[PDB]
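Q: this one's sequence-less:
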């Protein structure tokens, strides 16, 4: 499983300013968390899939 | 009679470089002040008469 993300440099500046959060870490904090949720869903999904 | 024509020159000496840069005038023509937001706002405060 894999995922990608595309953030512009100027967005990193604006997000670092104004609000005050690093634009880079959020996408890493989103993609990695999202993938783990899907796998954690797939394990649950298979159980109901295979249940009698 | 061995003249200078018999001898062969080597790498010519590099006496001088020559770059071309304009006499940039913008630190003197305008008033500069760095902004910490992507949108910069100027306040115009004016004094009026009863006739505005």
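A: Sure thing, it's come through. Numbers count the residues shown, from 1 in each chain, chains lettered A, B, ... in the order given.
Q: Spell out which residues of chain A are next to chain B.
A: Neighbours of chain B within chain A, by Cβ under 8 Å from any Cβ of the partner chain: A:13-14, A:17-18. The way it works is simple: take the backbone N, C-alpha and C, and place the C-beta from them, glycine included.
Q: Now with 10 Å, please.
A: Proximity of chain A to chain B, by Cβ under 10 Å from any Cβ of the partner chain, involves residues A:10, A:13-14, A:17-18.
Q: tell me the contacts of residue B:33?
A: Taking Cβ atoms under 10 Å, 6 or more residues apart in numbering or on different chains as the contact definition, residue B:33 lies against residue B:40.
Q: Could you check how far it is from residue B:41?
A: Distance, residue B:33 to residue B:41, by Cβ to Cβ, to the nearest Å: 12 Å.
Q: Tell me how many other residues crowd residue A:26.
A: When neighbours are defined as other Cβ atoms under 10 Å in any protein chain shown, residue A:26 has 13 of them.
Q: Okay, and it sits in which element?
A: Using DSSP states H and E, residue A:26 sits in helix A:23-50.
Q: Please give me every residue in contact with the residue in chain B that chain A sits nearest to.
A: Per Cβ to the nearest Cβ, residue B:38 is where chain B lies closest to chain A, at 5.3 Å. Contact analysis of residue B:38 by Cβ under 10 Å, 6+ apart lists A:10, A:13-14, A:17-18.
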